[PDB]
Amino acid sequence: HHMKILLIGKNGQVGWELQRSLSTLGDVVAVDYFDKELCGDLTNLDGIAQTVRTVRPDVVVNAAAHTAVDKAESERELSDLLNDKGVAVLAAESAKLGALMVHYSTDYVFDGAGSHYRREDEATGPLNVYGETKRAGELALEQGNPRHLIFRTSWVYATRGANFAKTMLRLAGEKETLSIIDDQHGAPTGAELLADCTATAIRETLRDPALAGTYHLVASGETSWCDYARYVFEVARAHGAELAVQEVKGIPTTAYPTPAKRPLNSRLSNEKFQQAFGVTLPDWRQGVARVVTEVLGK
């Protein structure tokens, strides 16, 4: 017998790696909003509910979200649908089936104060619509399905998809100088790490259901966006890439404002996850070096 796993958001950065990592846990039914047979559109509340009822999963993994942080400030209804109302429907339908539901969240549920690595039960206080609707979805899942795993993560990148590492690598081909924010700090976390630790956590939580709850799932360490970009260029040049960029200048968040206010401290303690699931979470540089290498075809 094989468990039935429903993956929503299959085409995203994390969803694509979950198509790999979940494939040995059971029979995977993977959808995204373009699917024609099953509704994979998390904003179609009745349709996505019918998909859960049809598939009857043992595990639901939601990798779909509204992730365009600055656009979210002018798309508040859509952000609420994708990050809150849709998550509530998934929680209700999965709990009717007794299914374990996995959901991802964000460092942006916090206000960005301090310089410490945040523990999971600190008070939330989002500064932007993305964080507000993401936190509302967290609460909807907590109330709707006790059998859940919520993984807060940060600064996600991958070989496939759009992200800061690939954007920096492209811009470094063309621009001689880059001005990059140096006062926001967090851990770049790879879609690979998120997908593999998710599969591990699912297996361990099915074995020990007491492990349900909320975890910070990030790579270890911290960097500013500025030093992150510098590292991407260091790796690229070590693999023979020719880059135009000569200087990366650090600038404060106040220098050029964004529609969405961003937290300065995005550090998340990942000790709870390591202890609960018996995993090592490597320093953030490793996963970034790997993606840069793959993007360059090396």
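Numbers for residues come from their place in the sequence shown, where the first is 1.
Looking at the deposited entry, does 104-112 or 172-180 carry the larger mean Cα B-factor?
172-180 has the higher mean C-alpha B-factor.
On average, which has the higher Cα B-factor in the deposited entry, 194-202 or 77-85?
Looking at the record's C-alpha B-factors, the answer is 77-85.
Can you tell me which of 270, 62, 44, 266 has the maximum CA B-factor listed in the PDB entry?
The listed residue with the largest C-alpha B-factor is 44.
Looking at 29, 52, 251, 236, which has the highest CA B-factor as recorded?
Result of the comparison over 29, 52, 251, 236: 251.
Just say lowest, middle or highest third for the CA B-factor of residue 96 relative to the other modelled residues in its chain.
As the PDB entry reports it, the C-alpha B-factor of residue 96 lands in the middle third of its chain.
Quick check on the deposited entry: does the C-alpha B-factor of residue 140 sit in the lowest, middle or highest third of its chain?
Its C-alpha B-factor, which the entry lists for residue 140, ranks in the middle third among residues of this chain.
Name the third of the chain's ranked CA B-factors that contains residue 3, choosing lowest, middle or highest.
Highest third.
Which third of the chain does residue 127 land in by C-alpha B-factor: lowest, middle or highest?
Tercile = highest for this residue's CA B-factor.
Which third, lowest, middle or highest, does the CA B-factor of residue 71 fall in along this chain?
For residue 71, whose C-alpha B-factor we compare with every modelled residue in the chain, the answer is the highest third.
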